[PDB]
């Protein structure tokens, strides 16, 4: 099990940044989207590595309705429901060309990865995430089992706030991870 750690997914980032002080009321001002997520279900963050469905068979929109992409279609009885919320999620700066880095403790492998990004014109802070807002920008073949997978991604013409949607088809069984990462496209490297 695992997640996208760079650019960190929504719940991996909420866990890493707040797990030591997850009850802090100041989070309401400093990180509203993590705050509403911690409020609704701390297990969205404690179980950050479990954002998967079993048995999807590659038909991904059929199991993940519009507005439910980041919760993985309310998998695990909506444990990750609050990751679907619309607002000013904290972003990671990336450039047009960027790498998606997964962490997989158990080295399950991957049959393939799909990386989508929200099209220019979509505002994740004001609009619900739907499949028609996404554009496929990377798609890979199989990855042998490892503890880290890296997907190189090349894009052009993108600027400002987007969501990256990484789909991880695990190799050990029909298990698929649906990982939203908030990003900010700039010319600045860091």
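Positions refer to the first chain, counted from 1.
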(request) Return whichever of 178-186 and 8-16 has the greater mean Cα B factor according to the PDB record. (result) 178-186
(message) Tell me which stretch has the larger mean Cα B-factor in this entry, 24-32 or 59-67.
(response) 59-67
(request) Going by the CA temperature factor in the entry, name the top one among 74, 101, 90, 108. (result) 108
(request) Going by the CA temperature factor in the entry, name the top one among 51, 151, 158, 40. (result) 158
(message) Lowest, middle or highest third: which one holds residue 45 when the chain's residues are ordered by CA B-factor from the entry?
(response) lowest
(message) Quick check for you: using the entry's CA B-factors within this chain, is residue 120 in the lowest, middle or highest third?
(response) highest
(message) Based on the deposited C-alpha B factors for this chain, I'd like to know if residue 147 is in the lowest, middle or highest third.
(response) highest
(request) Grab the CA temperature factor for residue 166 from the record and place it in the lowest, middle or highest third of its chain. (result) lowest
